[PDB]
Amino acid sequence: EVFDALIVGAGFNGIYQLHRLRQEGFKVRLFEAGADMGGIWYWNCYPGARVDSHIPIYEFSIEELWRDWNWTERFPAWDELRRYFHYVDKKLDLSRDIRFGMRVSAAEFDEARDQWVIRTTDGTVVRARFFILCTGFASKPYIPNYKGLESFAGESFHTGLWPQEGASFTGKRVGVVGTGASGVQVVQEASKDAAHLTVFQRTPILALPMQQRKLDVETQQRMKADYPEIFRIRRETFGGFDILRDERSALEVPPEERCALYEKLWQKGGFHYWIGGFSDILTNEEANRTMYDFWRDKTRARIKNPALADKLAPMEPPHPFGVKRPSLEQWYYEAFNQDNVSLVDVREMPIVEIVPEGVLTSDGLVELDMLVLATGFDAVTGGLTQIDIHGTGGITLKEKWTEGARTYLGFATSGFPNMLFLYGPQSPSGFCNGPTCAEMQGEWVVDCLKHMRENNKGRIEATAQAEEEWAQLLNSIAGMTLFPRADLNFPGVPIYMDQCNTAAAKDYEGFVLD
Ligand SMILES: Cc1cc2nc3c(=O)[nH]c(=O)nc-3n(C[C@H](O)[C@H](O)[C@H](O)COP(=O)(O)OP(=O)(O)OC[C@H]3O[C@@H](n4cnc5c(N)ncnc54)[C@H](O)[C@@H]3O)c2cc1C
Ligand SMILES: [Mg+2]
């Protein structure tokens, strides 16, 4: 069973990889662990699961795809995106070369034959010259180590392991642990149904207003005259969105003018307020504060209890604004004004122990019928090192990254020839719009395989020195910004792609080709 490339993952990256490599004449197979395509949208069927990337933006720029597809709303839910991947599948004939239910579990490089020997958990083995890993950001849920967690008598699941058959909150006492992006969404749905909802917060999220909007086929057809421009523009912005920042400095502009821009951005919604402000919002602490202070007053107005507002929207920010990828929200702050909703600050009242009747903080037991763990996911290193990958260096990938992620171009790792990862560590990833990085990173991969086909090279390996230099470039770029003040994603897709494309133009410097 020999192939030019075996792709693991049937999200945007892997779907894109399968389509383009096939088009380029590579014998290719895709192994996806779940039963259907969609990536995160296969696994995340919890109530309220929605994109943070608005329409045109969170889809492929293939003309035959967006010509004949329309969305029901500006930010579609998980089930609508599954419909989008099914439509993509019919149009591009993908699934014939996908094999579902194959979880890749171990792999080993065969230097004599410059090909990978890949093993799934069902025992199937397959040779592939190239090992293209598209496992995403969210393939390893993080469940904290609370004493007695497995003891809980009611229903509990991680948001990334929501039952495929559904589950209702109606009339139940539900507790949600974590206020990440999935927590905000879960909190929104349970707040209208649950007999009581307690939310456990370590740190207040700085949730931005979504500005959701229902959509109609008519207006979308008229807009689609602008779509080719939108898809060109999104390749050229910091995070791959169609959001142009304001080039001025927040500090070099009159205050009434800052409030004007902040109000405009606030009304367009989404990541406009994250990424569309002034140029020094994420390089200058003073400028950063102007945008936090505007969000704080917006939010504190929505909340009726000042003791709550200090917890949800503190006067001092817990970190710099916009340093982590923001969560969106529709009515998340209003839910806390309800009489059936409570907010527990795990900093003040830490969780002592999980018990069958519920969650016991330092100031009492919170009896629950269902316990939702919205505690997020391991870093992208946990989803790649979850496969047992044996490199030509004598160690596993898990072992190679125990001190931290080590890559060149965010694409490869010394000791691991003919292996490339998309949306991997030290690439834009978390700071990027998925389909935008899938397309731009994707073309980089295809070009790389074509270059080796054209030049009779059967082997590529990042060098230890290029690995070292790459880390120094990340630290120097991120050292010019506030991002290291977060609790790594390469900041800047154009800066990123420019380095990648230029290494390729010098015949893949930093790699050894054989
Ligand atoms: C709820 C939620 C909403 C999000 N919304 C957005 C958004 O709006 N915009 C955005 O840019 N990003 C979003 N993200 C982050 C998201 O991970 C990336 O955006 C992106 O879409 C990742 O796409 P992907 O192709 O890289 O992989 P994913 O879509 O993450 O999928 C990876 C696939 O790999 C498969 N796989 C994993 N391990 C194995 C294995 N060992 N063997 C075989 N197969 C395996 C998995 O089953 C999974 O389907 C969101 C994440 C979550 C959790
Ligand atoms: Mg060899």
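Residues numbered from 1 in each chain as written, not as in the entry; some residues may be left out. Chains lettered and ligands numbered in written order. Heavy atoms only, no water.

Structure determination for the deposited model, as stated in its record, used X-ray crystallography, and the stated resolution is 2.495 Å.

As a reminder, the rule being used: UniProt positions are given in the numbering used here, feature names are shortened, and annotations may be inferred rather than shown by experiment.
The name recorded for the protein in the PDB entry is Baeyer-Villiger monooxygenase, from Parvibaculum lavamentivorans. For this entry, the PDB title field holds "Crystal structure of Baeyer-Villiger monooxygenase from Parvibaculum lavamentivorans". Note on the protein: under the UniProt heading Cofactor, the record states "FAD". On record in UniProt, under Sequence similarities, the comment for the protein is "Belongs to the FAD-binding monooxygenase family."

### Some words on the overall build of the protein
Where we set the bar: Strands are runs of DSSP state E lasting at least 2 residues, helices are runs of H or I lasting at least 4, and numbering of each runs from the N terminus. Radius of gyration here uses only the C-alpha atoms, and the compact-globule reference equals 2.2 Å multiplied by the residue count raised to the power 0.38. Burial classes: relative accessible area under 20% of the type maximum marks a residue as buried, over 50% as exposed, and values in between as partly exposed (1.4 Å probe, protein chains only). Per-residue accessibility takes into account occlusion by the displayed protein chains alone, with areas from the Shrake-Rupley method and a 1.4 Å probe.
What the protein contains, in helices and strands, is 17 helices and 20 strands. Taken against the 2.2 N^0.38 rule, which gives 24 Å for 514 residues, the C-alpha radius of gyration of the protein at 23 Å falls within 12% of a compact globule. With the C-alpha coordinates of the protein rotated into their principal frame, the extents come out at 70 × 55 × 50 Å. Taking all 514 residues of the protein together, the buried fraction comes to 57%. Working note: accessible area of the protein is about 21100 Å², and carbon and sulfur atoms make up 49% of it.

### Brief notes about the UniProt feature "binding site: FAD" in the protein
Convention followed: Residues are treated as being in contact if the distance between any of their heavy atoms lies within 4.5 Å. Polar contacts, as used here, are pairs of N or O atoms within 3.5 Å; protein pairs need one atom able to donate a hydrogen and one able to accept it. Residues neighboring in sequence count only if both atoms are side-chain atoms.
Per the UniProt entry, the sites bearing "binding site: FAD" are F12, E32, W41, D52, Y58 and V104 in this numbering. Annotated residues spanning 93 residues; largest pairwise C-alpha distance 29.0 Å, indicating distribution over more than one region. Tracing the backbone through its elements, the reader meets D52 in the loop between α2 (40-43) and α3 (63-66). Dropping the residues within four chain positions of it, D52 is found in contact with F75, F271, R325 and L328. At 3.1 Å, the side chain of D52 and the side chain of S53 are in polar contact. Summarising the element assignment, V104 is placed in strand β4 (residues 104-110).

### Quick notes on the site of ligand 1
The criterion, for reference: Whether a residue is near a molecule or strand depends on its heavy atoms: it is near if one of them lies within 4 Å of it.
Taken together, 31 residues surround ligand 1, and among them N13, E32, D52, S53 and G434 come closest. Within the backbone of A33, one N or O atom sits 3.3 Å away from a nitrogen atom of ligand 1. The separation between an oxygen atom of ligand 1 and a polar side-chain atom of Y58 is 3.3 Å. Isolated, ligand 1 exposes 960 Å² of accessible area, and the fraction of that covered by the protein chains is 93%. Within the residue set of the shell around ligand 1, elements represented by two or more residues are α1 (12-23), β2 (28-32) and α2. The element contributing the most residues to the shell around ligand 1 is α2, with three residues.

### Details of the side chain of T396
Position of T396 relative to the elements: it lies in the loop between β17 (388-390) and α14 (397-400). The class of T396 is buried, set by a relative accessible area of 8%. Setting aside residues no more than four positions away along its own chain, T396 makes contact with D388, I389, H390 and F416.

### Re the state of the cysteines
The cut-off we apply is this: Disulfide: a pair of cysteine sulfur atoms within 2.5 Å of each other.
Summed over the entire model, instances satisfying the criterion amount to one disulfide. Here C432 engages in a disulfide with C437; their sulfurs sit 2.0 Å apart. Because the sign of the S-S torsion sets the handedness, a value of about 105° for the bond joining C432 and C437 places this disulfide among the right-handed ones. Of the two residues, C432 and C437, neither departs from the other in class, the shared state being buried. Looking at the unpaired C134, the closest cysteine sulfur is the one in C437, lying at 13 Å.

### Things to note about the sheet that holds strand β15 (residues 364-367)
To keep it simple, the criterion reads: Paired strands, as defined in this entry, are two strands with at least two bridges between them according to DSSP. The angle between two axes is taken between their N-to-C directions and runs from 0 to 180 degrees, where each axis is a line fitted to C-alpha atoms and a helix contributes only its stretch in contact.
As summarised here, the arrangement of the three strands in space is β13-β14-β15, forming an open sheet in which the pairing is antiparallel. Every other strand in the sheet has two partners, leaving β13 (351-355) and β15 as the edge strands with one partner each. When strand polarity is set aside, the average angle formed by the axes of neighbouring strands in this sheet is 20°. Strand direction decides the pairing type here: β13 and strand β14 (residues 358-361), joined by four bridges, are antiparallel. Paired with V355 across the two strands is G358, which belongs to β14.

### Here's the deal with the pattern of salt bridges
Heads up, the rule is: Just to be clear on terms, a salt bridge is a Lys or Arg side-chain nitrogen sitting within 4 Å of an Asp or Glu carboxyl oxygen.
Under the criterion given, the structure shown has 42 salt bridges. Put simply, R232 and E229 hold a salt bridge, and the shortest N to O gap is 2.2 Å. Of this pair, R232 and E229 both sit in helix α7 (residues 227-233), three residues apart, which is roughly one turn of that helix. For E247, the salt bridge goes to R245, with nearest N and O atoms at 2.7 Å. Residue classification places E247 among the exposed residues on the basis of a relative accessible area of 57%. A relative accessible area of 41% places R245 in the partly exposed class.

### So, the side chain of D4
Among the secondary structure elements, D4 is positioned in strand β1 (residues 2-8). Aside from chain neighbours lying at most four places away, what touches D4 is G25, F26, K27, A128, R129 and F130.

### A few points about helix α15 (residues 434-454)
In plain terms, the rule: A helix is expected to span 1.5 Å for every residue after the first.
Between its terminal C-alpha atoms α15 stretches 29 Å, which fits the 30 Å expected from 21 residues at 1.5 Å a residue. The first or second residue beyond α15 is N456, which carries a positive phi of 50°.

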